[PDB]
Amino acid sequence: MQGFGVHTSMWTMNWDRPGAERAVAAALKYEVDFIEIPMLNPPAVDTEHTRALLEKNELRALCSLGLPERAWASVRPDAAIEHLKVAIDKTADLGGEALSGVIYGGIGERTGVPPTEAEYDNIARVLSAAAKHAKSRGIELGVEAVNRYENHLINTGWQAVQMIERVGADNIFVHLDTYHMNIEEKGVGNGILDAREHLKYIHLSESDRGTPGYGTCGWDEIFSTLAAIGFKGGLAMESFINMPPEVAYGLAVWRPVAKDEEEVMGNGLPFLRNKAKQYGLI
């Protein structure tokens, strides 16, 4: 994945047929290169319809998800493997090139105590099996580090890399998110540095999930460090103008992040494209 993309919560709450149409049409208005589609209810996704829309409008895609509690990999690894296999198949069927996000646990997952080796061992077994299935469908898997309040297992670039190393697959990458790094990284550039050998995808998300350029993220540090490590993967926006219901409780958007998609896309995407030009990103 290359260039600029948008997580489709910018435009649709649910990836149903009307929502897919609405999101793809909106993406065309902004000349982005790809979209990121939530894979939160895999049997409900009409893959033939989404593939038709993507190919007609010359858009690339990937999918992302968080695991439902019934299938959290850390404690119910057999259910997690079965869920990920279905999500991988649907991602591949619609033409998506990867399945990323919190593929190792829940959005809002917490035991109340620090993560344990038994949990990480379960996650490793799940991701090893999922990565084999992904290879059979020709897609990659991404592991997104999220903040301490959304998951207790993988919060930093360094923890994400440790899991990629624990699994020992060749088709799992690290996915970072500036909103999460703004909380978790001891200096935001350190997350990028720690993840550099595996970093293929980054959510350029403002500190309050609003408009990039108008929060507390350290954008100049972020873009300088991406340029320094030779980043050439996907640059994707993530702003919860709409909230997918299956993850709303974990994402904690209790008030509007911005007025509407026109504001976030009209002000945020030019800011990010201009910063990528300024620091010479590949």
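Residue numbers here begin at 1 and follow the sequence given.
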Using the B-factors recorded in the PDB entry, average over the C-alpha atoms of 78-86 and of 175-183, then report which stretch comes out higher.
-> 78-86
Mean C-alpha B-factor comparison - 206-214 and 129-137, higher one | 129-137
Given 188, 118, 145, 94, the residue at which the Cα B factor reaches its maximum | 118
Tell me, please, which of 167, 153, 160, 102 has the highest C-alpha B factor according to the deposited entry?
-> 167
Would you check the entry's CA temperature factor for residue 10 and let me know if it's in the chain's lowest, middle or highest third?
-> lowest
Could you look up the Cα B-factor of residue 53 in the entry and say which third of the chain it sits in: lowest, middle or highest?
-> middle
Grab the CA temperature factor for residue 254 from the record and place it in the lowest, middle or highest third of its chain.
-> middle
B-factor third for the C-alpha atom of residue 225 within its chain | lowest
Is the Cα B-factor recorded for residue 34 in the lowest, middle or highest third of its chain?
-> middle
